[PDB]
Amino acid sequence: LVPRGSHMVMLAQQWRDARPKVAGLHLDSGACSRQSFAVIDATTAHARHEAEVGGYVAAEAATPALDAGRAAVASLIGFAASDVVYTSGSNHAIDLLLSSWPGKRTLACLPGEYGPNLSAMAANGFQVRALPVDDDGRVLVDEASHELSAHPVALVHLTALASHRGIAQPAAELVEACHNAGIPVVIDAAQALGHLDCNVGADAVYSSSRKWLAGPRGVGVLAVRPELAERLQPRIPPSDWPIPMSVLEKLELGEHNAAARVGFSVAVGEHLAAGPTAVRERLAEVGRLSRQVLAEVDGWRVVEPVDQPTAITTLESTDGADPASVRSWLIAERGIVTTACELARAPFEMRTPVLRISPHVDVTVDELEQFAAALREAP
Amino acid sequence: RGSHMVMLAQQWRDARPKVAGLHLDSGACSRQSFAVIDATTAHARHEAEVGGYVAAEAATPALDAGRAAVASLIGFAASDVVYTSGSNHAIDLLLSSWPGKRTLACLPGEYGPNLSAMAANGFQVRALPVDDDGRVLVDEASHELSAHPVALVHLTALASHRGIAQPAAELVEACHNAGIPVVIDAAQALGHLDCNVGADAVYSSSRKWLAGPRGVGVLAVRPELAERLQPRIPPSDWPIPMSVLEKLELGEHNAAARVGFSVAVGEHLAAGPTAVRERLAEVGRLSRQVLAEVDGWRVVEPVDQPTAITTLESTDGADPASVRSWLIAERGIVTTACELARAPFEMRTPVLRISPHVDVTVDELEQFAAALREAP
Ligand SMILES: *Cc1c(COP(=O)(O)O)cnc(C)c1O
Ligand SMILES: *Cc1c(COP(=O)(O)O)cnc(C)c1O
């Protein structure tokens, strides 16, 4: 570890300038990022259009934008546009899928599985087994391969990037291992979409608008391969359904904020326009710089290996400080936005809570140093 | 009577974007005021400045004011009120949480997707007695519920497919006398009918008569009932300590739209609920008078129904859906076409629905009547 300087990318500056000026310092795009002026305007415009021509007329007329959003998402995950459906977010997504699941309801997932995912799993009558992982919580693909062949399961649920830790999971290799054992794979890409390469052959993928794609809140996407989709049995309407519609049409049924969905379509568009690979390489870099700058802070140790290709960095207190209090202090006294991850976020992995930073492409080394500095003089 | 001059109507029109053509469809989706649109935009901007959840925390006063306004309209407490994605979200949250024996009675004109949610949640559904208009007969219902009791009564106080105002208050006390709680679907009724009627739970949608943003609804449950409920998510066997209402309000949502909504209900209170409702009743009367004499269409609602919903049944087998498309494409007039699926146990034939808000004029109603005559 001989420190390395930051790459200069105009991407960072373009991205900062495309969105409102931050009041203080925002290191929290893993919780909720920042909508561009274009995304905010497109949302506002739809709401105005609803008033001028009627809400549903407006919605019909927005079909091109909506479909473009499906198509953009589809391209990032290697699906077809018509496999992609809108939701309220990722927890909505997993519930739609698991509540629709036919036959034996068993699955395997990581021990670091997201608390509310486990909640949805249990609530849908699933039996849940842990996959083998190393000390960082990263799946051991070979071991998992053998385990799944001997002791199969109805599906594997992989959270490719966890909310509580910035480890990038070997999604692609695990997918082919599961497919070799004849088991479909669902991916929670709430953190991963717009961040990791999510084109990995999965059978279903879901994600949230408001995180790395910097879309409006209250939107998510769920993508399901046609072979799987047609096997599914939605909860509403009941399977003796007089109205004839496809599974995906049923899963997309319901009042929603249409303006926010067109907002989202603009946001994914901005990601494609910026260059997915370039954005991801930059986020990997942000993580490296973060872990380098924060390597030497009294009372905090960096959890992630330095070279993890993610922008999520988590800090564990070494003298029993409470992340939640530090976050409140950082906001109130320094205007620095972070997230405090409680144990409930990953109850079968986390033994102690952590402070999480999740900066986007626009963060500077100076800003990371300001955070480090503020973290030292915290009471 | 007829051409009442009401300043409310003009203020309401001018507080919102100019309509392109003619909008008679506030029962499907109304029109957000500039203030509501701006408040929504502002929250989204604030999320970008200070962080999404920081912004959400800071918006608590507005959000709580929205709960309090809703509470005042239904005669509940603010802390009984929870936000949802809409009314179908609401009914599902409630029915999926319902403890013990799952039986209910509802109207035959019950909303199709309500029946869907009922069936999906394992409820047995019995019809309430009604007159020829689909309006509940409270005395008969009283006897029926005493003889054959049920876990709850679900009343849609104003239907999507017909502008009959149900005697909610009378039915509520009849059910309470039989010891049976009452849930009210006030998607159409809130901001429209007096919804302060002693119900045990009430829900509604933002985008209709209150002219709020889409993707927001409210669900209100009395504390005695709320604490008996057993939410689906998280599972009841789970460790996380939160109230029932906290559980039902759990989830990613558009926070900006909720503050938008709080502004919208505020505008309703500010305008005077009673005055707005009296004006909507008037709009219905005028609509049915103007449309009384149209070839190929009969008016379904009695003229004096205190609602702004008027429905038209074709007398020579015209298809409402096609007429709606024509009206939009060729005349710029926005209506809704109600298919049988909207009330499958009442509707024998589909209908064209108009649902104008307070701002409609007699002239505009005549233009609609005229356009309806020269429709192919
Ligand atoms: C954000 C998050 C979720 C939940 O997403 P919502 O949009 O809030 O439902 C699930 N998975 C992970 C990894 C998360 O970070
Ligand atoms: C609009 C409507 C609903 C469903 O409302 P959503 O917000 O679309 O869920 C339910 N009841 C009636 C009377 C309706 O008209």
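Residues numbered from 1 in each chain as written, not as in the entry; some residues may be left out. Chains lettered and ligands numbered in written order. Heavy atoms only, no water. Residues with missing side-chain atoms left out of burial classes, pairs and counts.

- In the PDB archive, X-ray crystallography is given as the structure determination method for this entry, at a resolution of 2.35 Å.

**Comments concerning the domain arrangement of chain A**
Residues and elements named next belong to chain A.
Here comes step 1: Once the domains are mapped, chain A shows domain 1 (10-31 + 275-376) and domain 2 (38-274).
Here comes step 2: Measuring from the centre of the C-alpha atoms in domain 1 to the corresponding centre in domain 2 gives 25 Å.
Here comes step 3: With 36 residues of domain 1 at the contact, the number on the domain 2 side is 32 residues.
Here comes step 4: Counting each side, the surface lost to burial between domain 1 and domain 2 is near 2600 Å², with a carbon and sulfur contribution of 56%.
Here comes step 5: Viewed at the interface, domain 2 and domain 1 are joined by one salt bridge.
Here comes step 6: Between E349 and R165 there is a salt bridge; the shortest N-O distance is 3.4 Å.
Here comes step 7: Across the contact surface, domain 1 and domain 2 share 15 residue pairs in polar contact.
Here comes step 8: Every element with two or more residues in the side of domain 1 that touches domain 2 is listed here: helix 1 (10-17), helix 12 (276-293) and strand 13 (354-357).
Here comes step 9: At six residues, the largest contribution of residues to the side of domain 1 that touches domain 2 is made by helix 12.
Here comes step 10: Residues of the side of domain 1 that touches domain 2, tallied by class, amount to 21 nonpolar, eight polar and seven charged. (Domains from an automatic or database assignment. Contact = heavy atoms within 4.5 Å. Buried area = accessible area lost by both parts, 1.4 Å probe. Salt bridge = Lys/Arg side-chain N within 4 Å of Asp/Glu carboxyl O. Polar contact = N/O pair within 3.5 Å; in protein donor to acceptor, adjacent residues only side chain to side chain. Helix = DSSP H or I, 4+ residues; strand = E, 2+ residues; numbered from the N terminus. Nonpolar A, V, L, I, M, F, W, Y, C, P; charged D, E, K, R; others polar.)

**Describing the site of ligand 1**
Here comes step 1: Close contacts around ligand 1 come from 14 residues, with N91, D188, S208, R210 and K211 of chain A the closest.
Here comes step 2: Around ligand 1, the neighbouring residues derive from chains A and B rather than from a single chain.
Here comes step 3: A distance of 2.8 Å separates an oxygen atom of ligand 1 from a polar atom in the backbone of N91 of chain A.
Here comes step 4: At 2.6 Å from a nitrogen atom of ligand 1 is found a side-chain nitrogen or oxygen belonging to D188 of chain A.
Here comes step 5: The fraction of the free accessible surface of ligand 1 (390 Å²) that becomes covered by protein chains is 94%.
Here comes step 6: By residue class, the composition of the shell around ligand 1 is three nonpolar, seven polar and four charged. (Near = heavy atom within 4 Å. Areas by Shrake-Rupley, 256 points an atom, 1.4 Å probe, with all protein chains shown as cover.)

**Focus on the site of ligand 2**
Here comes step 1: The full set close to ligand 2 counts 14 residues, and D185, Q188, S205, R207 and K208 of chain B are the nearest of them.
Here comes step 2: Looking at the residues close to ligand 2, they fall on chains A and B.
Here comes step 3: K208 of chain B is positioned such that a nitrogen or oxygen atom in its side chain is 2.6 Å from an oxygen atom of ligand 2.
Here comes step 4: Burial of ligand 2 by the surrounding chains reaches 95%, relative to a free accessible area of 390 Å².
Here comes step 5: Considering only residue class, the shell around ligand 2 consists of three nonpolar, seven polar and four charged.

**Quick look at the domain arrangement of chain B**
All names here are of chain B.
Here comes step 1: Here the domain parsing of chain B yields domain 1 (7-31 + 272-373) and domain 2 (35-271).
Here comes step 2: Taking only C-alpha atoms into account, the centre of domain 1 sits 25 Å from that of domain 2.
Here comes step 3: Listed per partner, the contact involves 39 residues of domain 1 and 33 residues of domain 2.
Here comes step 4: Counting each side, the surface lost to burial between domain 1 and domain 2 is near 2700 Å², with a carbon and sulfur contribution of 58%.
Here comes step 5: Taken together, the links from domain 1 to domain 2 amount to one salt bridge.
Here comes step 6: A salt bridge links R162 to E346, with the shortest nitrogen-to-oxygen separation between them at 3.4 Å.
Here comes step 7: The interface formed by domain 1 and domain 2 contains 16 residue pairs in polar contact.
Here comes step 8: Taken together, the elements giving at least two residues each to the side of domain 1 that touches domain 2 come down to helix 1 (7-14), helix 12 (273-290) and strand 13 (351-354).
Here comes step 9: Ranked by the residues each element gives to the side of domain 1 that touches domain 2, the list is headed by helix 12, at six residues.
Here comes step 10: When its residues are assigned to classes, the side of domain 1 that touches domain 2 shows 22 nonpolar, nine polar and eight charged.

**Side note on the sheet that holds strand 13 of chain A**
All names here are of chain A.
Here comes step 1: Spatially, the four strands line up as an open sheet ordered 9-10-13-12, and their pairing is antiparallel. A single partner strand is all that each edge strand has here, and the edge strands are strand 9 (300-302) and strand 12 (339-341). On average, each strand axis in the sheet is tilted by 35 degrees relative to the strand beside it, whichever way the strands run.
Here comes step 2: Note: strand 10 (residues 313-317) against strand 13, three bridges, orientation antiparallel. Counterpart to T314 in the pairing with strand 13 is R356.
Here comes step 3: Contacts from helix 13 (residues 323-334) reach strand 9, strand 12 and strand 13 within the one sheet, and its direction differs from that of strand 13 by about 40 degrees. (Pairing = 2+ DSSP bridges. Axes fitted to C-alpha atoms, helices over the stretch in contact; angles between N-to-C directions.)

**A closer look at the sheet that holds strand 5 (residues 155-159) of chain A**
Residues and elements named next belong to chain A.
Here comes step 1: As summarised here, the arrangement of the seven strands in space is 2-8-7-6-5-3-4, forming an open sheet in which the pairing is mixed. The strands lining the two open edges of the sheet, one partner per strand, are strand 2 (84-87) and strand 4 (127-130). The sheet shows a mean angle of 20 degrees between the axes of neighbouring strands, direction not considered.
Here comes step 2: As paired elements, strand 7 (residues 204-208) and strand 8 (residues 220-224) share five bridges and run antiparallel to each other. From the neighbouring strand, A204 faces strand 8, where its bridge partner is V224.
Here comes step 3: Helix-sheet contacts for helix 4 (residues 63-77) involve strand 2, strand 7 and strand 8, and the interaxial angle to strand 2 is about 115 degrees.

**A few points about the packing of aromatic side chains**
Here comes step 1: Across all of its chains, the model carries two aromatic pairs over all chains by this definition.
Here comes step 2: Residues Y86 of chain A and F264 of chain A carry aromatic rings whose centres are separated by 6.2 Å and whose planes lie at 85 degrees to one another, so their mutual orientation is edge-to-face. Of this pair, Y86 of chain A sits in strand 2 while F264 of chain A sits in helix 11 (residues 258-274), placing them 178 residues apart in sequence.
Here comes step 3: Look at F264 of chain A and you get buried, because its relative accessible area is 1%.
Here comes step 4: When the centroid spacing of 6.2 Å and the interplanar angle of 85 degrees are considered together, the rings of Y83 of chain B and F261 of chain B count as edge-to-face. A residue pair is termed long-range when its members are at least 10 positions apart, and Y83 of chain B in strand 2 (residues 81-84) and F261 of chain B in helix 11 (residues 255-271) qualify at 178 residues.
Here comes step 5: Taking relative accessible area as the criterion, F261 of chain B reaches 1% and is therefore assigned buried.
Here comes step 6: Over the aromatic face of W15 of chain A sits the side chain of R19 of chain A, whose NZ or CZ is 3.7 Å from the ring centroid. (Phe/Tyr/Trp six-rings, centres within 6.5 Å; stacked < 30°, edge-to-face > 60°. Buried < 20%, exposed > 50% of the residue type's maximum accessible area, 1.4 Å probe, protein only. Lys NZ or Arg CZ within 6 Å of the ring centre and 35° of its normal.)

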